[PDB]
>>> print(open('query28.pdb').read())   # PDB, C-alpha atoms
ATOM      1  CA  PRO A   1      58.541 -23.595  72.874  1.00  0.00           C
ATOM      2  CA  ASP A   2      58.965 -23.845  69.103  1.00  0.00           C
ATOM      3  CA  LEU A   3      61.818 -21.328  69.166  1.00  0.00           C
ATOM      4  CA  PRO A   4      64.766 -23.740  68.800  1.00  0.00           C
ATOM      5  CA  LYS A   5      62.697 -26.254  66.836  1.00  0.00           C
ATOM      6  CA  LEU A   6      62.316 -23.712  64.032  1.00  0.00           C
ATOM      7  CA  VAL A   7      66.068 -23.084  64.042  1.00  0.00           C
ATOM      8  CA  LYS A   8      66.816 -26.680  63.057  1.00  0.00           C
ATOM      9  CA  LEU A   9      64.319 -26.373  60.203  1.00  0.00           C
ATOM     10  CA  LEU A  10      66.794 -23.870  58.759  1.00  0.00           C
ATOM     11  CA  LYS A  11      69.129 -26.633  57.584  1.00  0.00           C
ATOM     12  CA  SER A  12      67.923 -27.109  54.008  1.00  0.00           C
ATOM     13  CA  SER A  13      67.118 -30.690  53.009  1.00  0.00           C
ATOM     14  CA  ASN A  14      63.355 -30.135  52.998  1.00  0.00           C
ATOM     15  CA  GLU A  15      62.180 -27.067  51.080  1.00  0.00           C
ATOM     16  CA  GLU A  16      58.613 -27.499  52.327  1.00  0.00           C
ATOM     17  CA  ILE A  17      59.777 -27.554  55.947  1.00  0.00           C
ATOM     18  CA  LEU A  18      62.313 -24.782  55.358  1.00  0.00           C
ATOM     19  CA  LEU A  19      59.813 -22.414  53.739  1.00  0.00           C
ATOM     20  CA  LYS A  20      57.121 -23.100  56.337  1.00  0.00           C
ATOM     21  CA  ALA A  21      59.690 -22.264  59.013  1.00  0.00           C
ATOM     22  CA  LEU A  22      60.747 -19.032  57.307  1.00  0.00           C
ATOM     23  CA  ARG A  23      57.205 -17.647  57.340  1.00  0.00           C
ATOM     24  CA  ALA A  24      56.901 -18.450  61.045  1.00  0.00           C
ATOM     25  CA  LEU A  25      60.481 -17.279  61.579  1.00  0.00           C
ATOM     26  CA  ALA A  26      60.101 -13.600  60.696  1.00  0.00           C
ATOM     27  CA  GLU A  27      56.464 -13.024  61.647  1.00  0.00           C
ATOM     28  CA  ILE A  28      57.556 -13.478  65.261  1.00  0.00           C
ATOM     29  CA  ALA A  29      60.474 -11.070  64.873  1.00  0.00           C
ATOM     30  CA  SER A  30      57.991  -8.340  63.953  1.00  0.00           C
ATOM     31  CA  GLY A  31      56.323  -8.563  67.351  1.00  0.00           C
ATOM     32  CA  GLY A  32      58.837  -7.237  69.850  1.00  0.00           C
ATOM     33  CA  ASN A  33      62.502  -6.501  70.514  1.00  0.00           C
ATOM     34  CA  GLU A  34      62.790  -9.151  73.226  1.00  0.00           C
ATOM     35  CA  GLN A  35      61.425 -11.640  70.695  1.00  0.00           C
ATOM     36  CA  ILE A  36      64.373 -10.918  68.404  1.00  0.00           C
ATOM     37  CA  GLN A  37      66.948 -11.807  71.057  1.00  0.00           C
ATOM     38  CA  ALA A  38      65.287 -15.205  71.456  1.00  0.00           C
ATOM     39  CA  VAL A  39      65.919 -15.946  67.778  1.00  0.00           C
ATOM     40  CA  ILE A  40      69.562 -14.895  68.067  1.00  0.00           C
ATOM     41  CA  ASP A  41      70.571 -17.210  70.910  1.00  0.00           C
ATOM     42  CA  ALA A  42      68.391 -19.881  69.304  1.00  0.00           C
ATOM     43  CA  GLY A  43      71.039 -20.015  66.594  1.00  0.00           C
ATOM     44  CA  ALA A  44      69.185 -18.690  63.558  1.00  0.00           C
ATOM     45  CA  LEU A  45      71.414 -15.720  62.734  1.00  0.00           C
ATOM     46  CA  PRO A  46      74.052 -17.909  61.032  1.00  0.00           C
ATOM     47  CA  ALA A  47      71.376 -20.281  59.738  1.00  0.00           C
ATOM     48  CA  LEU A  48      69.745 -17.427  57.823  1.00  0.00           C
ATOM     49  CA  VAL A  49      72.926 -16.235  56.111  1.00  0.00           C
ATOM     50  CA  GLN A  50      73.347 -19.667  54.528  1.00  0.00           C
ATOM     51  CA  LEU A  51      69.918 -19.180  52.953  1.00  0.00           C
ATOM     52  CA  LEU A  52      71.021 -15.880  51.415  1.00  0.00           C
ATOM     53  CA  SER A  53      73.219 -17.947  49.098  1.00  0.00           C
ATOM     54  CA  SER A  54      70.350 -19.956  47.614  1.00  0.00           C
ATOM     55  CA  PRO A  55      68.959 -20.190  44.057  1.00  0.00           C
ATOM     56  CA  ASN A  56      65.322 -20.425  45.146  1.00  0.00           C
ATOM     57  CA  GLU A  57      63.525 -17.075  44.995  1.00  0.00           C
ATOM     58  CA  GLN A  58      60.911 -17.901  47.632  1.00  0.00           C
ATOM     59  CA  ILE A  59      63.429 -18.959  50.278  1.00  0.00           C
ATOM     60  CA  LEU A  60      65.307 -15.752  49.466  1.00  0.00           C
ATOM     61  CA  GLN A  61      62.352 -13.358  49.456  1.00  0.00           C
ATOM     62  CA  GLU A  62      61.719 -14.601  52.995  1.00  0.00           C
ATOM     63  CA  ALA A  63      65.329 -14.975  54.131  1.00  0.00           C
ATOM     64  CA  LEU A  64      65.607 -11.186  53.949  1.00  0.00           C
ATOM     65  CA  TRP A  65      62.302 -10.521  55.708  1.00  0.00           C
ATOM     66  CA  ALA A  66      63.357 -12.357  58.867  1.00  0.00           C
ATOM     67  CA  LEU A  67      66.884 -10.984  58.489  1.00  0.00           C
ATOM     68  CA  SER A  68      66.229  -7.239  58.352  1.00  0.00           C
ATOM     69  CA  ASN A  69      63.517  -7.885  60.940  1.00  0.00           C
ATOM     70  CA  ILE A  70      66.372  -8.246  63.428  1.00  0.00           C
ATOM     71  CA  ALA A  71      68.486  -5.408  62.038  1.00  0.00           C
ATOM     72  CA  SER A  72      65.646  -3.121  63.121  1.00  0.00           C
ATOM     73  CA  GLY A  73      66.227  -4.002  66.763  1.00  0.00           C
ATOM     74  CA  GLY A  74      68.727  -2.557  69.210  1.00  0.00           C
ATOM     75  CA  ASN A  75      72.292  -1.347  68.718  1.00  0.00           C
ATOM     76  CA  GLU A  76      73.326  -4.553  70.486  1.00  0.00           C
ATOM     77  CA  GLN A  77      70.930  -6.944  68.751  1.00  0.00           C
ATOM     78  CA  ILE A  78      72.139  -5.552  65.425  1.00  0.00           C
ATOM     79  CA  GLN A  79      75.702  -6.549  66.301  1.00  0.00           C
ATOM     80  CA  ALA A  80      74.712 -10.197  66.724  1.00  0.00           C
ATOM     81  CA  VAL A  81      73.789 -10.237  63.034  1.00  0.00           C
ATOM     82  CA  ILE A  82      77.291  -9.087  62.106  1.00  0.00           C
ATOM     83  CA  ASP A  83      79.014 -11.538  64.449  1.00  0.00           C
ATOM     84  CA  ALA A  84      77.193 -14.353  62.653  1.00  0.00           C
ATOM     85  CA  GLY A  85      78.757 -13.296  59.365  1.00  0.00           C
ATOM     86  CA  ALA A  86      76.038 -11.882  57.124  1.00  0.00           C
ATOM     87  CA  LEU A  87      77.643  -8.553  56.226  1.00  0.00           C
ATOM     88  CA  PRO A  88      79.343  -9.828  53.044  1.00  0.00           C
ATOM     89  CA  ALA A  89      76.634 -12.433  52.463  1.00  0.00           C
ATOM     90  CA  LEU A  90      74.078  -9.631  52.180  1.00  0.00           C
ATOM     91  CA  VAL A  91      76.183  -7.301  50.033  1.00  0.00           C
ATOM     92  CA  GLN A  92      76.175 -10.036  47.391  1.00  0.00           C
ATOM     93  CA  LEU A  93      72.378 -10.007  47.162  1.00  0.00           C
ATOM     94  CA  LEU A  94      72.696  -6.364  46.110  1.00  0.00           C
ATOM     95  CA  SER A  95      73.986  -7.761  42.816  1.00  0.00           C
ATOM     96  CA  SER A  96      70.733  -9.590  42.073  1.00  0.00           C
ATOM     97  CA  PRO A  97      68.438  -9.047  39.060  1.00  0.00           C
ATOM     98  CA  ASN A  98      65.292  -9.576  41.131  1.00  0.00           C
ATOM     99  CA  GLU A  99      64.507  -6.071  42.386  1.00  0.00           C
ATOM    100  CA  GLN A 100      62.312  -7.712  45.024  1.00  0.00           C
ATOM    101  CA  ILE A 101      65.434  -9.224  46.581  1.00  0.00           C
ATOM    102  CA  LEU A 102      67.491  -6.057  46.121  1.00  0.00           C
ATOM    103  CA  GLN A 103      64.915  -3.960  47.974  1.00  0.00           C
ATOM    104  CA  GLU A 104      65.166  -6.053  51.140  1.00  0.00           C
ATOM    105  CA  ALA A 105      68.941  -6.178  50.690  1.00  0.00           C
ATOM    106  CA  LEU A 106      68.952  -2.507  51.689  1.00  0.00           C
ATOM    107  CA  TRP A 107      66.172  -2.697  54.277  1.00  0.00           C
ATOM    108  CA  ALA A 108      68.568  -4.889  56.256  1.00  0.00           C
ATOM    109  CA  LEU A 109      72.037  -3.594  55.385  1.00  0.00           C
ATOM    110  CA  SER A 110      71.362   0.127  55.790  1.00  0.00           C
ATOM    111  CA  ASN A 111      69.332  -0.795  58.871  1.00  0.00           C
ATOM    112  CA  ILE A 112      72.529  -1.984  60.552  1.00  0.00           C
ATOM    113  CA  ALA A 113      74.528   1.024  59.360  1.00  0.00           C
ATOM    114  CA  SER A 114      72.061   3.109  61.368  1.00  0.00           C
ATOM    115  CA  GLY A 115      73.456   1.496  64.503  1.00  0.00           C
ATOM    116  CA  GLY A 116      76.397   3.171  66.196  1.00  0.00           C
ATOM    117  CA  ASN A 117      79.854   4.493  65.349  1.00  0.00           C
ATOM    118  CA  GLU A 118      81.536   1.342  66.658  1.00  0.00           C
ATOM    119  CA  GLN A 119      79.649  -0.482  63.905  1.00  0.00           C
ATOM    120  CA  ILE A 120      80.157   2.227  61.286  1.00  0.00           C
ATOM    121  CA  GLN A 121      83.949   2.003  61.470  1.00  0.00           C
ATOM    122  CA  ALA A 122      83.606  -1.659  60.502  1.00  0.00           C
ATOM    123  CA  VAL A 123      81.432  -0.717  57.527  1.00  0.00           C
ATOM    124  CA  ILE A 124      83.585   2.063  56.081  1.00  0.00           C
ATOM    125  CA  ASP A 125      86.385  -0.508  56.193  1.00  0.00           C
ATOM    126  CA  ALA A 126      85.371  -3.169  53.672  1.00  0.00           C
ATOM    127  CA  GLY A 127      81.890  -1.803  53.046  1.00  0.00           C
ATOM    128  CA  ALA A 128      81.356  -0.331  49.588  1.00  0.00           C
ATOM    129  CA  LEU A 129      81.800   3.332  50.513  1.00  0.00           C
ATOM    130  CA  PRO A 130      82.348   4.617  46.950  1.00  0.00           C
ATOM    131  CA  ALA A 131      80.175   1.918  45.382  1.00  0.00           C
ATOM    132  CA  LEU A 132      77.232   3.162  47.446  1.00  0.00           C
ATOM    133  CA  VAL A 133      77.656   6.657  46.004  1.00  0.00           C
ATOM    134  CA  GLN A 134      77.468   5.321  42.448  1.00  0.00           C
ATOM    135  CA  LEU A 135      73.965   4.047  43.211  1.00  0.00           C
ATOM    136  CA  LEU A 136      72.889   7.619  43.954  1.00  0.00           C
ATOM    137  CA  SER A 137      73.106   8.205  40.202  1.00  0.00           C
ATOM    138  CA  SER A 138      70.647   5.435  39.335  1.00  0.00           C
ATOM    139  CA  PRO A 139      67.416   5.619  37.294  1.00  0.00           C
ATOM    140  CA  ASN A 140      65.378   3.305  39.522  1.00  0.00           C
ATOM    141  CA  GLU A 141      64.337   5.695  42.293  1.00  0.00           C
ATOM    142  CA  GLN A 142      63.494   2.588  44.319  1.00  0.00           C
ATOM    143  CA  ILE A 143      67.196   1.844  44.764  1.00  0.00           C
ATOM    144  CA  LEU A 144      68.059   5.536  45.060  1.00  0.00           C
ATOM    145  CA  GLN A 145      65.909   6.064  48.153  1.00  0.00           C
ATOM    146  CA  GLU A 146      67.252   3.023  50.002  1.00  0.00           C
ATOM    147  CA  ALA A 147      70.734   3.923  48.768  1.00  0.00           C
ATOM    148  CA  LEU A 148      70.451   7.218  50.646  1.00  0.00           C
ATOM    149  CA  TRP A 149      69.468   5.460  53.872  1.00  0.00           C
ATOM    150  CA  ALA A 150      72.622   3.337  53.819  1.00  0.00           C
ATOM    151  CA  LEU A 151      75.134   6.062  52.965  1.00  0.00           C
ATOM    152  CA  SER A 152      73.436   8.564  55.274  1.00  0.00           C
ATOM    153  CA  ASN A 153      73.305   6.001  58.083  1.00  0.00           C
ATOM    154  CA  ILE A 154      77.090   5.773  57.796  1.00  0.00           C
ATOM    155  CA  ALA A 155      77.407   9.539  58.222  1.00  0.00           C
ATOM    156  CA  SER A 156      75.510   9.462  61.519  1.00  0.00           C
ATOM    157  CA  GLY A 157      78.511   9.431  63.836  1.00  0.00           C
ATOM    158  CA  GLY A 158      81.381  11.618  64.977  1.00  0.00           C
ATOM    159  CA  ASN A 159      83.486  13.838  62.730  1.00  0.00           C
ATOM    160  CA  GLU A 160      85.551  10.861  61.571  1.00  0.00           C
ATOM    161  CA  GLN A 161      82.316   9.308  60.309  1.00  0.00           C
ATOM    162  CA  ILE A 162      81.525  12.417  58.266  1.00  0.00           C
ATOM    163  CA  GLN A 163      84.990  12.550  56.705  1.00  0.00           C
ATOM    164  CA  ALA A 164      84.787   8.950  55.498  1.00  0.00           C
ATOM    165  CA  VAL A 165      81.679   9.981  53.564  1.00  0.00           C
ATOM    166  CA  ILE A 166      83.165  12.926  51.673  1.00  0.00           C
ATOM    167  CA  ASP A 167      86.155  10.714  50.883  1.00  0.00           C
ATOM    168  CA  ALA A 168      83.826   8.274  49.126  1.00  0.00           C
ATOM    169  CA  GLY A 169      82.732  11.021  46.754  1.00  0.00           C
ATOM    170  CA  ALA A 170      79.235  12.014  47.847  1.00  0.00           C
ATOM    171  CA  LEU A 171      79.880  15.715  47.245  1.00  0.00           C
ATOM    172  CA  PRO A 172      79.320  15.288  43.484  1.00  0.00           C
ATOM    173  CA  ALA A 173      76.586  12.654  43.702  1.00  0.00           C
ATOM    174  CA  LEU A 174      74.858  15.013  46.135  1.00  0.00           C
ATOM    175  CA  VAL A 175      75.626  18.562  45.002  1.00  0.00           C
ATOM    176  CA  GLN A 176      75.017  17.784  41.330  1.00  0.00           C
ATOM    177  CA  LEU A 177      71.866  15.993  42.489  1.00  0.00           C
ATOM    178  CA  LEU A 178      70.611  19.200  44.106  1.00  0.00           C
ATOM    179  CA  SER A 179      69.458  20.191  40.619  1.00  0.00           C
ATOM    180  CA  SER A 180      66.455  17.857  40.534  1.00  0.00           C
ATOM    181  CA  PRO A 181      62.807  18.708  39.751  1.00  0.00           C
ATOM    182  CA  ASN A 182      61.811  15.885  42.099  1.00  0.00           C
ATOM    183  CA  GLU A 183      60.764  17.188  45.516  1.00  0.00           C
ATOM    184  CA  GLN A 184      62.038  13.913  46.974  1.00  0.00           C
ATOM    185  CA  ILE A 185      65.597  14.079  45.647  1.00  0.00           C
ATOM    186  CA  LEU A 186      65.520  17.795  46.451  1.00  0.00           C
ATOM    187  CA  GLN A 187      64.940  17.263  50.172  1.00  0.00           C
ATOM    188  CA  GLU A 188      66.973  14.050  50.258  1.00  0.00           C
ATOM    189  CA  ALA A 189      70.194  15.495  48.842  1.00  0.00           C
ATOM    190  CA  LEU A 190      69.772  18.706  50.836  1.00  0.00           C
ATOM    191  CA  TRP A 191      69.375  16.664  54.020  1.00  0.00           C
ATOM    192  CA  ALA A 192      72.625  14.890  53.154  1.00  0.00           C
ATOM    193  CA  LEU A 193      74.663  18.036  52.503  1.00  0.00           C
ATOM    194  CA  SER A 194      73.622  19.677  55.774  1.00  0.00           C
ATOM    195  CA  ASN A 195      74.518  16.469  57.611  1.00  0.00           C
ATOM    196  CA  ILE A 196      78.106  16.482  56.353  1.00  0.00           C
ATOM    197  CA  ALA A 197      78.394  20.255  56.738  1.00  0.00           C
ATOM    198  CA  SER A 198      77.432  19.756  60.384  1.00  0.00           C
ATOM    199  CA  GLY A 199      81.019  18.615  60.843  1.00  0.00           C
ATOM    200  CA  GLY A 200      84.080  20.840  60.865  1.00  0.00           C
ATOM    201  CA  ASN A 201      85.353  23.277  58.246  1.00  0.00           C
ATOM    202  CA  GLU A 202      87.012  20.412  56.372  1.00  0.00           C
ATOM    203  CA  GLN A 203      83.640  18.672  56.108  1.00  0.00           C
ATOM    204  CA  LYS A 204      81.875  21.888  55.100  1.00  0.00           C
ATOM    205  CA  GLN A 205      84.094  23.446  52.433  1.00  0.00           C
ATOM    206  CA  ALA A 206      84.596  19.932  51.069  1.00  0.00           C
ATOM    207  CA  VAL A 207      80.953  19.935  49.976  1.00  0.00           C
ATOM    208  CA  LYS A 208      80.626  23.578  48.932  1.00  0.00           C
ATOM    209  CA  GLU A 209      83.709  22.925  46.801  1.00  0.00           C
ATOM    210  CA  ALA A 210      81.360  21.100  44.432  1.00  0.00           C
ATOM    211  CA  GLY A 211      78.933  23.996  44.108  1.00  0.00           C
ATOM    212  CA  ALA A 212      76.051  23.134  46.423  1.00  0.00           C
ATOM    213  CA  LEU A 213      75.976  26.736  47.641  1.00  0.00           C
ATOM    214  CA  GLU A 214      74.493  27.892  44.333  1.00  0.00           C
ATOM    215  CA  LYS A 215      71.686  25.326  44.405  1.00  0.00           C
ATOM    216  CA  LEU A 216      71.098  26.320  48.030  1.00  0.00           C
ATOM    217  CA  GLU A 217      70.929  30.045  47.275  1.00  0.00           C
ATOM    218  CA  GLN A 218      68.259  29.473  44.627  1.00  0.00           C
ATOM    219  CA  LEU A 219      66.344  27.216  47.016  1.00  0.00           C
ATOM    220  CA  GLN A 220      65.992  30.199  49.349  1.00  0.00           C
ATOM    221  CA  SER A 221      63.263  31.408  46.991  1.00  0.00           C
ATOM    222  CA  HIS A 222      61.531  28.033  46.720  1.00  0.00           C
ATOM    223  CA  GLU A 223      57.751  27.630  46.882  1.00  0.00           C
ATOM    224  CA  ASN A 224      57.852  24.906  49.535  1.00  0.00           C
ATOM    225  CA  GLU A 225      58.184  26.282  53.066  1.00  0.00           C
ATOM    226  CA  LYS A 226      60.061  23.358  54.614  1.00  0.00           C
ATOM    227  CA  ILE A 227      62.555  23.218  51.745  1.00  0.00           C
ATOM    228  CA  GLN A 228      63.085  26.962  52.163  1.00  0.00           C
ATOM    229  CA  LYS A 229      63.881  26.805  55.880  1.00  0.00           C
ATOM    230  CA  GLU A 230      66.142  23.759  55.594  1.00  0.00           C
ATOM    231  CA  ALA A 231      67.913  25.419  52.666  1.00  0.00           C
ATOM    232  CA  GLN A 232      68.504  28.515  54.794  1.00  0.00           C
ATOM    233  CA  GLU A 233      69.908  26.454  57.666  1.00  0.00           C
ATOM    234  CA  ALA A 234      72.283  24.598  55.346  1.00  0.00           C
ATOM    235  CA  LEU A 235      73.397  27.772  53.570  1.00  0.00           C
ATOM    236  CA  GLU A 236      74.519  29.703  56.650  1.00  0.00           C
ATOM    237  CA  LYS A 237      76.089  26.484  57.932  1.00  0.00           C
ATOM    238  CA  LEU A 238      78.588  26.389  55.065  1.00  0.00           C
ATOM    239  CA  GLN A 239      79.564  29.866  56.258  1.00  0.00           C
TER     240      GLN A 239
END
>>> encode(input="query28.pdb", output="structure tokens")
Amino acid sequence: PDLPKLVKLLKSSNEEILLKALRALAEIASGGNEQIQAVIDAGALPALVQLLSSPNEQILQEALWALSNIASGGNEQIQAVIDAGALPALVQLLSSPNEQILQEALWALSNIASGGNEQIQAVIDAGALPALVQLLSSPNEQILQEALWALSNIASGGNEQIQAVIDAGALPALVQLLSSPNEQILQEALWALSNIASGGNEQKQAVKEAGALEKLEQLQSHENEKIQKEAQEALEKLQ
């Protein structure tokens, strides 16, 4: 098959050959989980990371496509990506002017954070815990949405996983965010608060300490039905 053959093409030298390979390197990943594994063993995981650190925009716009394509696999397949050493290589892309590249930067990163606790602990370590919260207060909603997926994904584990979140400083970026005329941010933030509150008393009060309760109380009398129910479930929770 042309599985391994494509891997070699991921060694720079020829841009034409490299690009052509990229296109036919991700398209296959978006066909089945088993297909992803084939790419891993093939030795493309580490070959892709190297591309992440390239000036070309085309090779980059594609490098992410095939990348995240794997991050959306299984809890195990997602680990392979980390073992290759793309965690830090991807975080860098986040500091790119080309929004197009930044978008994918999250579609892959956050994707991995949605794995398991065993992987989360590794993220909260070096991962930009507090830095991720700062993004929450960004104008470009595009980054805001994805930013929520990453942070939230990290708070999808045991109690210890929830604590790490509050420590980062999401209480303010969330609570204060509750006061938003945007239905999106309204449900988003709310969904985040409840998540953390789901933990113990330390995880609950921690949030309410900011003043989310107020925003929640007012939500009780919100037009939207869904927002009303969710708001009621989060309110009592804090208690």
>>> resolve_selection(input="query28.pdb", expression="the PyMOL selection byres ((chain A and resi 133-149) around 12)", output="NGL selection string")
:A and (94-95 or 99-114 or 127-132 or 150-156 or 165-178 or 180 or 182 or 184-193)
>>> write_last_selection(input="query28.pdb", atoms="C-alpha atoms", output="mmCIF file, in the coordinates of the input")
data_model
loop_
_atom_site.group_PDB
_atom_site.id
_atom_site.type_symbol
_atom_site.label_atom_id
_atom_site.label_comp_id
_atom_site.auth_asym_id
_atom_site.auth_seq_id
_atom_site.Cartn_x
_atom_site.Cartn_y
_atom_site.Cartn_z
ATOM 1 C CA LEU A 94 72.696 -6.364 46.110
ATOM 2 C CA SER A 95 73.986 -7.761 42.816
ATOM 3 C CA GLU A 99 64.507 -6.071 42.386
ATOM 4 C CA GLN A 100 62.312 -7.712 45.024
ATOM 5 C CA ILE A 101 65.434 -9.224 46.581
ATOM 6 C CA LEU A 102 67.491 -6.057 46.121
ATOM 7 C CA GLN A 103 64.915 -3.960 47.974
ATOM 8 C CA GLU A 104 65.166 -6.053 51.140
ATOM 9 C CA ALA A 105 68.941 -6.178 50.690
ATOM 10 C CA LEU A 106 68.952 -2.507 51.689
ATOM 11 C CA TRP A 107 66.172 -2.697 54.277
ATOM 12 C CA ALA A 108 68.568 -4.889 56.256
ATOM 13 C CA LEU A 109 72.037 -3.594 55.385
ATOM 14 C CA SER A 110 71.362 0.127 55.790
ATOM 15 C CA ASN A 111 69.332 -0.795 58.871
ATOM 16 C CA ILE A 112 72.529 -1.984 60.552
ATOM 17 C CA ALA A 113 74.528 1.024 59.360
ATOM 18 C CA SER A 114 72.061 3.109 61.368
ATOM 19 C CA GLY A 127 81.890 -1.803 53.046
ATOM 20 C CA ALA A 128 81.356 -0.331 49.588
ATOM 21 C CA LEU A 129 81.800 3.332 50.513
ATOM 22 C CA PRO A 130 82.348 4.617 46.950
ATOM 23 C CA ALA A 131 80.175 1.918 45.382
ATOM 24 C CA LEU A 132 77.232 3.162 47.446
ATOM 25 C CA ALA A 150 72.622 3.337 53.819
ATOM 26 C CA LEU A 151 75.134 6.062 52.965
ATOM 27 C CA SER A 152 73.436 8.564 55.274
ATOM 28 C CA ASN A 153 73.305 6.001 58.083
ATOM 29 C CA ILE A 154 77.090 5.773 57.796
ATOM 30 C CA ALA A 155 77.407 9.539 58.222
ATOM 31 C CA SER A 156 75.510 9.462 61.519
ATOM 32 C CA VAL A 165 81.679 9.981 53.564
ATOM 33 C CA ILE A 166 83.165 12.926 51.673
ATOM 34 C CA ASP A 167 86.155 10.714 50.883
ATOM 35 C CA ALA A 168 83.826 8.274 49.126
ATOM 36 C CA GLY A 169 82.732 11.021 46.754
ATOM 37 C CA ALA A 170 79.235 12.014 47.847
ATOM 38 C CA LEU A 171 79.880 15.715 47.245
ATOM 39 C CA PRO A 172 79.320 15.288 43.484
ATOM 40 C CA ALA A 173 76.586 12.654 43.702
ATOM 41 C CA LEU A 174 74.858 15.013 46.135
ATOM 42 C CA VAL A 175 75.626 18.562 45.002
ATOM 43 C CA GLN A 176 75.017 17.784 41.330
ATOM 44 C CA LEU A 177 71.866 15.993 42.489
ATOM 45 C CA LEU A 178 70.611 19.200 44.106
ATOM 46 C CA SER A 180 66.455 17.857 40.534
ATOM 47 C CA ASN A 182 61.811 15.885 42.099
ATOM 48 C CA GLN A 184 62.038 13.913 46.974
ATOM 49 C CA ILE A 185 65.597 14.079 45.647
ATOM 50 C CA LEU A 186 65.520 17.795 46.451
ATOM 51 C CA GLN A 187 64.940 17.263 50.172
ATOM 52 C CA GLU A 188 66.973 14.050 50.258
ATOM 53 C CA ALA A 189 70.194 15.495 48.842
ATOM 54 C CA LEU A 190 69.772 18.706 50.836
ATOM 55 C CA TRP A 191 69.375 16.664 54.020
ATOM 56 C CA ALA A 192 72.625 14.890 53.154
ATOM 57 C CA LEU A 193 74.663 18.036 52.503
#
>>> resolve_selection(input="query28.pdb", expression="the PyMOL selection byres ((chain A and resi 163) around 10)", output="PDB file with C-alpha atoms, keeping the file's coordinate frame")
ATOM      1  CA  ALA A 155      77.407   9.539  58.222  1.00  0.00           C
ATOM      2  CA  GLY A 158      81.381  11.618  64.977  1.00  0.00           C
ATOM      3  CA  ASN A 159      83.486  13.838  62.730  1.00  0.00           C
ATOM      4  CA  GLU A 160      85.551  10.861  61.571  1.00  0.00           C
ATOM      5  CA  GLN A 161      82.316   9.308  60.309  1.00  0.00           C
ATOM      6  CA  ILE A 162      81.525  12.417  58.266  1.00  0.00           C
ATOM      7  CA  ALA A 164      84.787   8.950  55.498  1.00  0.00           C
ATOM      8  CA  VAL A 165      81.679   9.981  53.564  1.00  0.00           C
ATOM      9  CA  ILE A 166      83.165  12.926  51.673  1.00  0.00           C
ATOM     10  CA  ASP A 167      86.155  10.714  50.883  1.00  0.00           C
ATOM     11  CA  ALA A 168      83.826   8.274  49.126  1.00  0.00           C
ATOM     12  CA  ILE A 196      78.106  16.482  56.353  1.00  0.00           C
ATOM     13  CA  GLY A 199      81.019  18.615  60.843  1.00  0.00           C
ATOM     14  CA  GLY A 200      84.080  20.840  60.865  1.00  0.00           C
ATOM     15  CA  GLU A 202      87.012  20.412  56.372  1.00  0.00           C
ATOM     16  CA  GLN A 203      83.640  18.672  56.108  1.00  0.00           C
ATOM     17  CA  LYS A 204      81.875  21.888  55.100  1.00  0.00           C
ATOM     18  CA  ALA A 206      84.596  19.932  51.069  1.00  0.00           C
TER      19      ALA A 206
END
>>> resolve_selection(input="query28.pdb", expression="the PyMOL selection byres ((chain A and resi 37-53) around 8)", output="JSON, numbers by chain")
{"A": [3, 4, 7, 10, 11, 29, 33, 34, 35, 36, 54, 55, 59, 60, 63, 64, 67, 77, 80, 81, 84, 85, 86, 89, 90, 93]}
>>> atom_distance(input="query28.pdb", atom1="CA of residue 179 (chain A)", atom2="CA of residue 209 (chain A)")
15.8 Å
>>> atom_distance(input="query28.pdb", atom1="CA of residue 98 (chain A)", atom2="CA of residue 122 (chain A)")
27.8 Å
>>> atom_distance(input="query28.pdb", atom1="CA of residue 157 (chain A)", atom2="CA of residue 75 (chain A)")
13.4 Å
>>> axis_aligned_box(input="query28.pdb", around="region 187-204 of chain A", padding_each_side="8 Å", output="JSON")
{"center_x": 76.0, "center_y": 18.7, "center_z": 54.9, "size_x": 38.1, "size_y": 25.2, "size_z": 28.0}
>>> closest_residue(input="query28.pdb", among="A:235, A:229, A:223, A:32", to="residue 211 (chain A)", atoms="only C-alpha atoms")
A:235
>>> decode(input="query28.pdb", residues="region 192-210 of chain A", atoms="C-alpha atoms", output="short mmCIF file (atom, residue, chain, number, x, y, z; two decimals), in the first residue's frame")
data_model
loop_
_atom_site.label_atom_id
_atom_site.label_comp_id
_atom_site.auth_asym_id
_atom_site.auth_seq_id
_atom_site.Cartn_x
_atom_site.Cartn_y
_atom_site.Cartn_z
CA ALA A 192 -18.80 25.42 32.69
CA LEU A 193 -19.90 26.55 36.15
CA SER A 194 -22.19 23.56 36.67
CA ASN A 195 -19.36 21.27 35.58
CA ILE A 196 -17.00 22.54 38.28
CA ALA A 197 -19.79 22.73 40.86
CA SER A 198 -20.42 19.04 40.16
CA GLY A 199 -17.36 18.44 42.31
CA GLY A 200 -17.18 18.78 46.08
CA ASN A 201 -17.98 21.74 48.31
CA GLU A 202 -14.51 23.17 47.67
CA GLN A 203 -15.23 23.15 43.93
CA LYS A 204 -18.70 24.62 44.42
CA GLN A 205 -18.22 27.51 46.85
CA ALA A 206 -15.03 28.32 44.95
CA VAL A 207 -17.17 29.38 41.99
CA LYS A 208 -20.08 30.96 43.87
CA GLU A 209 -17.41 32.99 45.67
CA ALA A 210 -17.19 35.04 42.48
#
